[PDB]
file upload_32.txt (compact mmCIF, C-alpha atoms and all ligand atoms)
# COMPACT_ATOMS: atom_id res chain seq x y z
CA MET A 1 0.00 0.00 0.00
CA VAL A 2 0.94 3.66 -0.14
CA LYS A 3 2.67 4.74 3.09
CA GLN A 4 1.19 8.18 3.71
CA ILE A 5 3.26 10.26 6.13
CA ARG A 6 0.96 11.79 8.77
CA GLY A 7 3.13 13.64 11.26
CA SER A 8 5.33 11.09 13.02
CA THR A 9 3.18 8.15 11.88
CA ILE A 10 2.27 6.23 8.74
CA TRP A 11 -1.24 5.78 7.41
CA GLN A 12 -1.77 3.08 4.78
CA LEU A 13 -3.60 4.37 1.70
CA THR A 14 -5.25 1.96 -0.69
CA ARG A 15 -5.46 2.51 -4.43
CA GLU A 16 -9.19 3.20 -4.09
CA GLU A 17 -8.61 5.87 -1.44
CA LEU A 18 -5.84 7.44 -3.50
CA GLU A 19 -8.03 7.46 -6.65
CA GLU A 20 -10.91 9.21 -4.92
CA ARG A 21 -8.56 11.86 -3.51
CA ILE A 22 -6.92 12.69 -6.85
CA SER A 23 -10.11 12.32 -8.92
CA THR A 24 -11.18 15.99 -8.89
CA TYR A 25 -7.81 17.40 -9.99
CA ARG A 26 -6.71 18.38 -13.47
CA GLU A 27 -3.14 17.11 -13.08
CA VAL A 28 -1.08 15.04 -10.66
CA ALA A 29 2.57 15.83 -9.95
CA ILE A 30 5.03 13.62 -8.08
CA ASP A 31 8.26 15.02 -6.58
CA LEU A 32 10.62 12.09 -6.00
CA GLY A 33 13.34 12.59 -3.40
CA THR A 34 11.42 15.62 -2.09
CA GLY A 35 13.64 15.92 1.00
CA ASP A 36 11.93 18.53 3.20
CA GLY A 37 8.95 18.77 0.88
CA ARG A 38 9.30 22.48 0.20
CA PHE A 39 8.72 21.88 -3.53
CA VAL A 40 5.38 20.27 -2.71
CA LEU A 41 4.28 23.06 -0.38
CA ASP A 42 5.20 25.66 -3.02
CA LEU A 43 3.63 23.89 -6.04
CA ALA A 44 0.39 22.94 -4.30
CA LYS A 45 -0.05 26.51 -3.10
CA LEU A 46 0.60 27.86 -6.61
CA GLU A 47 -1.52 25.33 -8.53
CA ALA A 48 -4.86 24.63 -6.88
CA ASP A 49 -5.91 22.24 -9.69
CA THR A 50 -2.78 20.07 -9.36
CA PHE A 51 -2.55 17.27 -6.80
CA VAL A 52 1.09 17.17 -5.60
CA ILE A 53 2.65 14.06 -4.02
CA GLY A 54 6.09 14.32 -2.40
CA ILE A 55 7.96 11.02 -1.93
CA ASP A 56 11.10 10.40 0.12
CA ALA A 57 12.72 7.31 1.60
CA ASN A 58 13.35 9.32 4.78
CA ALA A 59 10.09 10.38 6.39
CA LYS A 60 11.58 12.31 9.32
CA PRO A 61 12.01 15.69 7.51
CA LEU A 62 8.47 15.32 6.18
CA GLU A 63 6.79 14.89 9.60
CA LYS A 64 6.22 18.60 10.11
CA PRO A 65 5.35 19.45 6.47
CA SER A 66 2.76 16.67 6.58
CA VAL A 67 1.14 18.31 9.61
CA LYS A 68 1.30 21.75 8.04
CA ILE A 69 -0.69 20.64 4.98
CA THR A 70 -3.49 19.17 7.13
CA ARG A 71 -4.60 22.47 8.67
CA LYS A 72 -7.72 24.21 7.42
CA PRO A 73 -7.04 26.38 4.35
CA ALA A 74 -7.01 29.70 6.19
CA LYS A 75 -4.20 28.34 8.40
CA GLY A 76 -2.08 27.29 5.43
CA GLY A 77 -3.37 23.81 4.79
CA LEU A 78 -3.17 22.34 1.31
CA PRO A 79 -5.81 19.72 0.51
CA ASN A 80 -4.04 19.06 -2.81
CA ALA A 81 -0.79 17.86 -1.20
CA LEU A 82 0.31 14.47 0.11
CA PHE A 83 3.59 13.06 1.50
CA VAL A 84 4.57 9.42 1.00
CA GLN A 85 7.43 7.31 2.35
CA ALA A 86 9.03 5.16 -0.37
CA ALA A 87 12.39 4.44 -1.94
CA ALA A 88 12.85 4.90 -5.69
CA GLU A 89 13.90 1.25 -6.00
CA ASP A 90 10.62 0.03 -4.49
CA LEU A 91 7.81 2.39 -5.39
CA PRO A 92 4.28 1.23 -4.48
CA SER A 93 2.18 -0.31 -7.24
CA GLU A 94 -0.74 1.91 -6.22
CA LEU A 95 1.02 4.89 -7.79
CA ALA A 96 1.23 3.27 -11.23
CA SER A 97 0.20 5.62 -14.04
CA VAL A 98 -0.96 8.37 -11.64
CA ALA A 99 1.35 11.26 -12.58
CA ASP A 100 1.24 13.81 -15.36
CA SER A 101 4.62 15.13 -14.18
CA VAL A 102 7.45 13.64 -12.15
CA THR A 103 10.37 15.69 -10.90
CA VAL A 104 13.67 14.59 -9.40
CA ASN A 105 15.25 17.86 -8.21
CA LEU A 106 18.85 18.01 -6.93
CA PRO A 107 19.01 14.29 -6.06
CA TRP A 108 21.82 13.00 -3.89
CA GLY A 109 23.33 9.63 -3.04
CA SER A 110 21.68 6.58 -4.53
CA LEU A 111 18.95 8.57 -6.33
CA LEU A 112 21.57 10.77 -8.01
CA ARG A 113 23.41 7.62 -9.12
CA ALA A 114 20.13 6.13 -10.33
CA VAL A 115 19.18 9.01 -12.64
CA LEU A 116 22.65 9.82 -14.04
CA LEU A 117 24.36 6.44 -14.37
CA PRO A 118 21.55 5.48 -14.84
CA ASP A 119 20.10 2.53 -12.95
CA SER A 120 17.59 1.00 -15.35
CA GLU A 121 15.61 -0.70 -12.58
CA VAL A 122 14.92 2.69 -10.98
CA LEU A 123 14.19 4.21 -14.41
CA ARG A 124 11.59 1.51 -15.10
CA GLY A 125 9.99 2.23 -11.72
CA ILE A 126 9.88 5.97 -12.38
CA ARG A 127 8.38 5.31 -15.83
CA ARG A 128 5.61 3.23 -14.22
CA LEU A 129 4.48 6.28 -12.20
CA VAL A 130 3.86 8.35 -15.32
CA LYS A 131 0.72 8.41 -17.41
CA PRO A 132 1.34 7.81 -21.13
CA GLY A 133 2.49 11.11 -22.57
CA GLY A 134 3.38 12.58 -19.17
CA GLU A 135 6.77 14.07 -18.42
CA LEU A 136 9.79 13.46 -16.19
CA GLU A 137 12.28 16.20 -15.37
CA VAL A 138 15.59 15.50 -13.63
CA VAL A 139 17.54 18.53 -12.34
CA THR A 140 21.10 18.25 -11.06
CA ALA A 141 23.87 20.73 -10.20
CA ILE A 142 26.75 18.31 -9.59
CA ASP A 143 29.90 19.71 -11.19
CA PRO A 144 32.40 17.37 -12.89
CA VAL A 145 35.42 19.42 -11.76
CA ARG A 146 34.33 20.52 -8.29
CA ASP A 147 32.50 17.32 -7.29
CA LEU A 148 34.97 14.73 -8.61
CA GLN A 149 35.19 12.75 -5.36
CA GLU A 150 31.43 12.71 -4.80
CA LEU A 151 30.98 11.46 -8.36
CA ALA A 152 33.55 8.70 -7.78
CA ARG A 153 31.87 7.61 -4.54
CA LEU A 154 28.54 7.26 -6.39
CA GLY A 155 29.90 5.12 -9.19
CA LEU A 156 29.63 8.07 -11.56
CA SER A 157 33.31 8.25 -12.42
CA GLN A 158 32.57 7.61 -16.11
CA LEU A 159 30.24 10.59 -16.69
CA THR A 160 31.21 12.57 -19.80
CA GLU A 161 29.27 14.96 -22.01
CA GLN A 162 29.03 12.19 -24.62
CA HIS A 163 27.33 10.01 -21.98
CA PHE A 164 24.50 12.51 -21.68
CA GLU A 165 23.93 12.46 -25.46
CA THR A 166 24.31 8.72 -26.08
CA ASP A 167 24.34 6.03 -23.37
CA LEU A 168 22.08 7.93 -20.98
CA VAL A 169 19.55 8.82 -23.70
CA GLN A 170 19.46 5.19 -24.84
CA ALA A 171 19.00 3.85 -21.30
CA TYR A 172 16.08 6.18 -20.69
CA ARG A 173 14.58 5.29 -24.10
CA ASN A 174 14.80 1.59 -23.30
CA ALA A 175 12.88 2.30 -20.08
CA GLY A 176 10.10 4.10 -21.96
CA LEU A 177 11.36 7.66 -21.37
CA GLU A 178 12.08 9.60 -24.58
CA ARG A 179 14.32 12.65 -24.25
CA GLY A 180 13.08 16.11 -25.16
CA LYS A 181 15.93 18.38 -26.34
CA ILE A 193 16.09 30.42 -11.26
CA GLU A 194 12.87 31.10 -9.36
CA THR A 195 11.99 27.53 -8.46
CA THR A 196 12.09 25.85 -5.08
CA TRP A 197 15.29 24.02 -5.95
CA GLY A 198 16.89 27.08 -7.54
CA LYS A 199 16.73 28.79 -4.18
CA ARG A 200 18.94 26.04 -2.68
CA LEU A 201 21.88 26.73 -4.99
CA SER A 202 25.02 28.73 -4.39
CA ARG A 203 26.06 31.05 -7.21
CA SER A 204 28.82 28.62 -8.23
CA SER A 205 26.37 25.70 -8.33
CA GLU A 206 23.99 27.66 -10.57
CA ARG A 207 26.45 27.42 -13.48
CA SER A 208 26.44 23.59 -13.21
CA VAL A 209 22.68 23.07 -13.53
CA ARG A 210 21.63 20.36 -15.99
CA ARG A 211 17.93 19.80 -16.71
CA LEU A 212 16.92 16.54 -18.41
CA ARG A 213 13.36 16.17 -19.67
CA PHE A 214 11.64 13.04 -21.00
CA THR A 215 8.19 11.98 -22.23
CA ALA A 216 6.67 8.70 -21.12
CA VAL A 217 6.17 6.54 -24.22
CL CL B 1 13.20 21.56 -4.06
NA NA B 2 12.90 15.96 -6.05
call {"tool": "encode", "arguments": {"input": "upload_32.txt", "output": "structure tokens", "more": "lines below"}}
Ligand SMILES: [Cl-]
Ligand code: NA
result
Amino acid sequence: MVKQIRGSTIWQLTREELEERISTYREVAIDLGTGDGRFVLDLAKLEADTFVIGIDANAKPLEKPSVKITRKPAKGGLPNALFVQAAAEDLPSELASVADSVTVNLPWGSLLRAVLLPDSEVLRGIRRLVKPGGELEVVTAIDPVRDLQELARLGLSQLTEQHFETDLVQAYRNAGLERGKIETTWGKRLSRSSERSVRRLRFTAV
């Protein structure tokens, strides 16, 4: 089932319950590796007709955001937001085909490895979240010259510009994700130096 984060507890959500809750919304967005969930709080506030789901393997930083969104609207609550505990390697089947848009913003650790190497098992799982014709956007600011040791630690020692035009594109394509050619929540987390290293990768679910 879907592990909904409700403060410092989990509530199990069935597919039926999830479908009824998203059923009145024009679009569904999933933020994978949401971290503290700020992207979800910002997007749900900005887009009342979008249902926004933030997913992270670590629920602890989402305990308080998940309380904040439950308040009545005049106290800042967001009935179009939801936080879920899950790892990208083991996403719940109840989320299959739910999302018009999936974002992976400034991933770290295993999720950064998964989207840049990439790890095809994680790519297939991300693809399964997306409705046919929906979109995935991966945003990273890791710098090949400043972050050499972090890249090595993550198994990303072989990243080159040619990788992003060939092997990576083909791996995403084989997983059903076809490639498509800063005042955002994630842009506000970047130092000036990191801003020059931003790479945005966009794909359509096919
Ligand atoms: Cl963010
Ligand atoms: Na993200």
call {"tool": "closest_residue", "arguments": {"input": "upload_32.txt", "among": "A:154, A:84, A:46, A:141", "to": "residue 209 in chain A", "atoms": "all atoms listed in the file"}}
result
A:141
call {"tool": "residues_near_ligand", "arguments": {"input": "upload_32.txt", "ligand": "ligand CL 1 (chain B)", "cutoff": "6 Å", "atoms": "only C-alpha atoms and all ligand atoms", "output": "VMD selection string"}}
result
chain A and resid 38 to 39 105 196 to 197
call {"tool": "residues_near_ligand", "arguments": {"input": "upload_32.txt", "ligand": "ligand NA 2 (chain B)", "cutoff": "6 Å", "atoms": "all atoms listed in the file", "output": "MDAnalysis selection string"}}
result
chainID A and resid 31:34 103:105
call {"tool": "write_last_selection", "arguments": {"input": "upload_32.txt", "atoms": "C-alpha atoms", "output": "PDB file, in the frame of the given file"}}
result
ATOM      1  CA  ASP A  31       8.260  15.020  -6.580  1.00  0.00           C
ATOM      2  CA  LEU A  32      10.620  12.090  -6.000  1.00  0.00           C
ATOM      3  CA  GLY A  33      13.340  12.590  -3.400  1.00  0.00           C
ATOM      4  CA  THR A  34      11.420  15.620  -2.090  1.00  0.00           C
ATOM      5  CA  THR A 103      10.370  15.690 -10.900  1.00  0.00           C
ATOM      6  CA  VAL A 104      13.670  14.590  -9.400  1.00  0.00           C
ATOM      7  CA  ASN A 105      15.250  17.860  -8.210  1.00  0.00           C
TER       8      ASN A 105
END
call {"tool": "residues_near_point", "arguments": {"input": "upload_32.txt", "point": "(17.3, 17.2, -20.3)", "cutoff": "9 Å", "atoms": "all atoms listed in the file", "output": "PDB file with C-alpha atoms, in the coordinates of the input"}}
result
ATOM      1  CA  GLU A 137      12.280  16.200 -15.370  1.00  0.00           C
ATOM      2  CA  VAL A 138      15.590  15.500 -13.630  1.00  0.00           C
ATOM      3  CA  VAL A 139      17.540  18.530 -12.340  1.00  0.00           C
ATOM      4  CA  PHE A 164      24.500  12.510 -21.680  1.00  0.00           C
ATOM      5  CA  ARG A 179      14.320  12.650 -24.250  1.00  0.00           C
ATOM      6  CA  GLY A 180      13.080  16.110 -25.160  1.00  0.00           C
ATOM      7  CA  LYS A 181      15.930  18.380 -26.340  1.00  0.00           C
ATOM      8  CA  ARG A 210      21.630  20.360 -15.990  1.00  0.00           C
ATOM      9  CA  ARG A 211      17.930  19.800 -16.710  1.00  0.00           C
ATOM     10  CA  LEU A 212      16.920  16.540 -18.410  1.00  0.00           C
ATOM     11  CA  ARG A 213      13.360  16.170 -19.670  1.00  0.00           C
ATOM     12  CA  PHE A 214      11.640  13.040 -21.000  1.00  0.00           C
TER      13      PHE A 214
END
call {"tool": "residues_around", "arguments": {"input": "upload_32.txt", "residues": "residue 205 in chain A", "least_positions_apart": "4", "cutoff": "12 Å", "atoms": "only C-alpha atoms", "output": "ChimeraX atom specification"}}
result
/A:106,140-147,193,197-201,209-210
call {"tool": "closest_residue", "arguments": {"input": "upload_32.txt", "among": "A:10, A:43, A:55, A:216", "to": "residue 136 in chain A", "atoms": "all atoms listed in the file"}}
result
A:216
call {"tool": "atom_distance", "arguments": {"input": "upload_32.txt", "atom1": "CA of residue 167 in chain A", "atom2": "CA of residue 206 in chain A"}}
result
25.1 Å
call {"tool": "closest_atom_pairs", "arguments": {"input": "upload_32.txt", "of": "range 60-91 of chain A", "to": "range 122-130 of chain A", "cutoff": "7 Å", "atoms": "all atoms listed in the file", "output": "CSV"}}
result
residue,atom,partner,partner_atom,distance
A:88,CA,A:122,CA,6.1
A:89,CA,A:122,CA,5.3
A:91,CA,A:125,CA,6.7
call {"tool": "atom_distance", "arguments": {"input": "upload_32.txt", "atom1": "CA of residue 24 in chain A", "atom2": "CA of residue 44 in chain A"}}
result
14.3 Å
call {"tool": "closest_residue", "arguments": {"input": "upload_32.txt", "among": "A:114, A:59, A:40, A:168", "to": "residue 28 in chain A", "atoms": "only C-alpha atoms"}}
result
A:40
call {"tool": "axis_aligned_box", "arguments": {"input": "upload_32.txt", "around": "range 43-50 of chain A", "padding_each_side": "5 Å", "output": "lines of an AutoDock Vina configuration file"}}
result
center_x = -1.1
center_y = 24.0
center_z = -6.4
size_x = 19.5
size_y = 17.8
size_z = 16.6
call {"tool": "closest_residue", "arguments": {"input": "upload_32.txt", "among": "A:9, A:80, A:149, A:110", "to": "residue 60 in chain A", "atoms": "all atoms listed in the file"}}
result
A:9
call {"tool": "closest_residue", "arguments": {"input": "upload_32.txt", "among": "A:81, A:111, A:3, A:76", "to": "residue 93 in chain A", "atoms": "all atoms listed in the file"}}
result
A:3
call {"tool": "residues_around", "arguments": {"input": "upload_32.txt", "residues": "residue 171 in chain A", "least_positions_apart": "4", "cutoff": "8 Å", "atoms": "only C-alpha atoms", "output": "number ranges by chain"}}
result
A: 118, 120, 167, 175
call {"tool": "write_last_selection", "arguments": {"input": "upload_32.txt", "atoms": "C-alpha atoms", "output": "short mmCIF file (atom, residue, chain, number, x, y, z; two decimals), in the coordinates of the input"}}
result
data_model
loop_
_atom_site.label_atom_id
_atom_site.label_comp_id
_atom_site.auth_asym_id
_atom_site.auth_seq_id
_atom_site.Cartn_x
_atom_site.Cartn_y
_atom_site.Cartn_z
CA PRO A 118 21.55 5.48 -14.84
CA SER A 120 17.59 1.00 -15.35
CA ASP A 167 24.34 6.03 -23.37
CA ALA A 175 12.88 2.30 -20.08
#
call {"tool": "atom_distance", "arguments": {"input": "upload_32.txt", "atom1": "CA of residue 151 in chain A", "atom2": "CA of residue 207 in chain A"}}
result
17.4 Å
call {"tool": "residues_around", "arguments": {"input": "upload_32.txt", "residues": "residue 82 in chain A", "least_positions_apart": "4", "cutoff": "12 Å", "atoms": "all atoms listed in the file", "output": "ChimeraX atom specification"}}
result
/A:2-7,11,13,18,21-22,28-31,34,37,39-41,43-44,50-56,62-63,65-70,77-78
call {"tool": "closest_residue", "arguments": {"input": "upload_32.txt", "among": "A:64, A:72, A:92, A:166", "to": "residue 36 in chain A", "atoms": "only C-alpha atoms"}}
result
A:64
call {"tool": "decode", "arguments": {"input": "upload_32.txt", "residues": "range 33-158 of chain A", "atoms": "C-alpha atoms", "output": "JSON list (two decimals), in the first residue's frame"}}
result
[["chain", "number", "residue", "atom", "x", "y", "z"],
["A", 33, "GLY", "CA", 13.34, 12.59, -3.40],
["A", 34, "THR", "CA", 11.42, 15.62, -2.09],
["A", 35, "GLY", "CA", 13.64, 15.92, 1.00],
["A", 36, "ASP", "CA", 11.93, 18.53, 3.20],
["A", 37, "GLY", "CA", 8.95, 18.77, 0.88],
["A", 38, "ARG", "CA", 9.30, 22.48, 0.20],
["A", 39, "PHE", "CA", 8.72, 21.88, -3.53],
["A", 40, "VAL", "CA", 5.38, 20.27, -2.71],
["A", 41, "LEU", "CA", 4.28, 23.06, -0.38],
["A", 42, "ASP", "CA", 5.20, 25.66, -3.02],
["A", 43, "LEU", "CA", 3.63, 23.89, -6.04],
["A", 44, "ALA", "CA", 0.39, 22.94, -4.30],
["A", 45, "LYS", "CA", -0.05, 26.51, -3.10],
["A", 46, "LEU", "CA", 0.60, 27.86, -6.61],
["A", 47, "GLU", "CA", -1.52, 25.33, -8.53],
["A", 48, "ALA", "CA", -4.86, 24.63, -6.88],
["A", 49, "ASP", "CA", -5.91, 22.24, -9.69],
["A", 50, "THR", "CA", -2.78, 20.07, -9.36],
["A", 51, "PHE", "CA", -2.55, 17.27, -6.80],
["A", 52, "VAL", "CA", 1.09, 17.17, -5.60],
["A", 53, "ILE", "CA", 2.65, 14.06, -4.02],
["A", 54, "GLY", "CA", 6.09, 14.32, -2.40],
["A", 55, "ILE", "CA", 7.96, 11.02, -1.93],
["A", 56, "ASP", "CA", 11.10, 10.40, 0.12],
["A", 57, "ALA", "CA", 12.72, 7.31, 1.60],
["A", 58, "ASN", "CA", 13.35, 9.32, 4.78],
["A", 59, "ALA", "CA", 10.09, 10.38, 6.39],
["A", 60, "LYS", "CA", 11.58, 12.31, 9.32],
["A", 61, "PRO", "CA", 12.01, 15.69, 7.51],
["A", 62, "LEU", "CA", 8.47, 15.32, 6.18],
["A", 63, "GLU", "CA", 6.79, 14.89, 9.60],
["A", 64, "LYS", "CA", 6.22, 18.60, 10.11],
["A", 65, "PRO", "CA", 5.35, 19.45, 6.47],
["A", 66, "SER", "CA", 2.76, 16.67, 6.58],
["A", 67, "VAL", "CA", 1.14, 18.31, 9.61],
["A", 68, "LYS", "CA", 1.30, 21.75, 8.04],
["A", 69, "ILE", "CA", -0.69, 20.64, 4.98],
["A", 70, "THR", "CA", -3.49, 19.17, 7.13],
["A", 71, "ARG", "CA", -4.60, 22.47, 8.67],
["A", 72, "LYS", "CA", -7.72, 24.21, 7.42],
["A", 73, "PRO", "CA", -7.04, 26.38, 4.35],
["A", 74, "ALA", "CA", -7.01, 29.70, 6.19],
["A", 75, "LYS", "CA", -4.20, 28.34, 8.40],
["A", 76, "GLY", "CA", -2.08, 27.29, 5.43],
["A", 77, "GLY", "CA", -3.37, 23.81, 4.79],
["A", 78, "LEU", "CA", -3.17, 22.34, 1.31],
["A", 79, "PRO", "CA", -5.81, 19.72, 0.51],
["A", 80, "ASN", "CA", -4.04, 19.06, -2.81],
["A", 81, "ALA", "CA", -0.79, 17.86, -1.20],
["A", 82, "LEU", "CA", 0.31, 14.47, 0.11],
["A", 83, "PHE", "CA", 3.59, 13.06, 1.50],
["A", 84, "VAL", "CA", 4.57, 9.42, 1.00],
["A", 85, "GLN", "CA", 7.43, 7.31, 2.35],
["A", 86, "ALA", "CA", 9.03, 5.16, -0.37],
["A", 87, "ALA", "CA", 12.39, 4.44, -1.94],
["A", 88, "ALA", "CA", 12.85, 4.90, -5.69],
["A", 89, "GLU", "CA", 13.90, 1.25, -6.00],
["A", 90, "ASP", "CA", 10.62, 0.03, -4.49],
["A", 91, "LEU", "CA", 7.81, 2.39, -5.39],
["A", 92, "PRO", "CA", 4.28, 1.23, -4.48],
["A", 93, "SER", "CA", 2.18, -0.31, -7.24],
["A", 94, "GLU", "CA", -0.74, 1.91, -6.22],
["A", 95, "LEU", "CA", 1.02, 4.89, -7.79],
["A", 96, "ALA", "CA", 1.23, 3.27, -11.23],
["A", 97, "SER", "CA", 0.20, 5.62, -14.04],
["A", 98, "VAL", "CA", -0.96, 8.37, -11.64],
["A", 99, "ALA", "CA", 1.35, 11.26, -12.58],
["A", 100, "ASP", "CA", 1.24, 13.81, -15.36],
["A", 101, "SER", "CA", 4.62, 15.13, -14.18],
["A", 102, "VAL", "CA", 7.45, 13.64, -12.15],
["A", 103, "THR", "CA", 10.37, 15.69, -10.90],
["A", 104, "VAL", "CA", 13.67, 14.59, -9.40],
["A", 105, "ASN", "CA", 15.25, 17.86, -8.21],
["A", 106, "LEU", "CA", 18.85, 18.01, -6.93],
["A", 107, "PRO", "CA", 19.01, 14.29, -6.06],
["A", 108, "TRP", "CA", 21.82, 13.00, -3.89],
["A", 109, "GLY", "CA", 23.33, 9.63, -3.04],
["A", 110, "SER", "CA", 21.68, 6.58, -4.53],
["A", 111, "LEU", "CA", 18.95, 8.57, -6.33],
["A", 112, "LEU", "CA", 21.57, 10.77, -8.01],
["A", 113, "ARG", "CA", 23.41, 7.62, -9.12],
["A", 114, "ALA", "CA", 20.13, 6.13, -10.33],
["A", 115, "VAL", "CA", 19.18, 9.01, -12.64],
["A", 116, "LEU", "CA", 22.65, 9.82, -14.04],
["A", 117, "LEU", "CA", 24.36, 6.44, -14.37],
["A", 118, "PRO", "CA", 21.55, 5.48, -14.84],
["A", 119, "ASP", "CA", 20.10, 2.53, -12.95],
["A", 120, "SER", "CA", 17.59, 1.00, -15.35],
["A", 121, "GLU", "CA", 15.61, -0.70, -12.58],
["A", 122, "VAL", "CA", 14.92, 2.69, -10.98],
["A", 123, "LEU", "CA", 14.19, 4.21, -14.41],
["A", 124, "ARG", "CA", 11.59, 1.51, -15.10],
["A", 125, "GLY", "CA", 9.99, 2.23, -11.72],
["A", 126, "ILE", "CA", 9.88, 5.97, -12.38],
["A", 127, "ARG", "CA", 8.38, 5.31, -15.83],
["A", 128, "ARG", "CA", 5.61, 3.23, -14.22],
["A", 129, "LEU", "CA", 4.48, 6.28, -12.20],
["A", 130, "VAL", "CA", 3.86, 8.35, -15.32],
["A", 131, "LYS", "CA", 0.72, 8.41, -17.41],
["A", 132, "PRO", "CA", 1.34, 7.81, -21.13],
["A", 133, "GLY", "CA", 2.49, 11.11, -22.57],
["A", 134, "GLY", "CA", 3.38, 12.58, -19.17],
["A", 135, "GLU", "CA", 6.77, 14.07, -18.42],
["A", 136, "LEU", "CA", 9.79, 13.46, -16.19],
["A", 137, "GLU", "CA", 12.28, 16.20, -15.37],
["A", 138, "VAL", "CA", 15.59, 15.50, -13.63],
["A", 139, "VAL", "CA", 17.54, 18.53, -12.34],
["A", 140, "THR", "CA", 21.10, 18.25, -11.06],
["A", 141, "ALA", "CA", 23.87, 20.73, -10.20],
["A", 142, "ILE", "CA", 26.75, 18.31, -9.59],
["A", 143, "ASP", "CA", 29.90, 19.71, -11.19],
["A", 144, "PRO", "CA", 32.40, 17.37, -12.89],
["A", 145, "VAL", "CA", 35.42, 19.42, -11.76],
["A", 146, "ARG", "CA", 34.33, 20.52, -8.29],
["A", 147, "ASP", "CA", 32.50, 17.32, -7.29],
["A", 148, "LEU", "CA", 34.97, 14.73, -8.61],
["A", 149, "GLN", "CA", 35.19, 12.75, -5.36],
["A", 150, "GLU", "CA", 31.43, 12.71, -4.80],
["A", 151, "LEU", "CA", 30.98, 11.46, -8.36],
["A", 152, "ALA", "CA", 33.55, 8.70, -7.78],
["A", 153, "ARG", "CA", 31.87, 7.61, -4.54],
["A", 154, "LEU", "CA", 28.54, 7.26, -6.39],
["A", 155, "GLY", "CA", 29.90, 5.12, -9.19],
["A", 156, "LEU", "CA", 29.63, 8.07, -11.56],
["A", 157, "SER", "CA", 33.31, 8.25, -12.42],
["A", 158, "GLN", "CA", 32.57, 7.61, -16.11]]
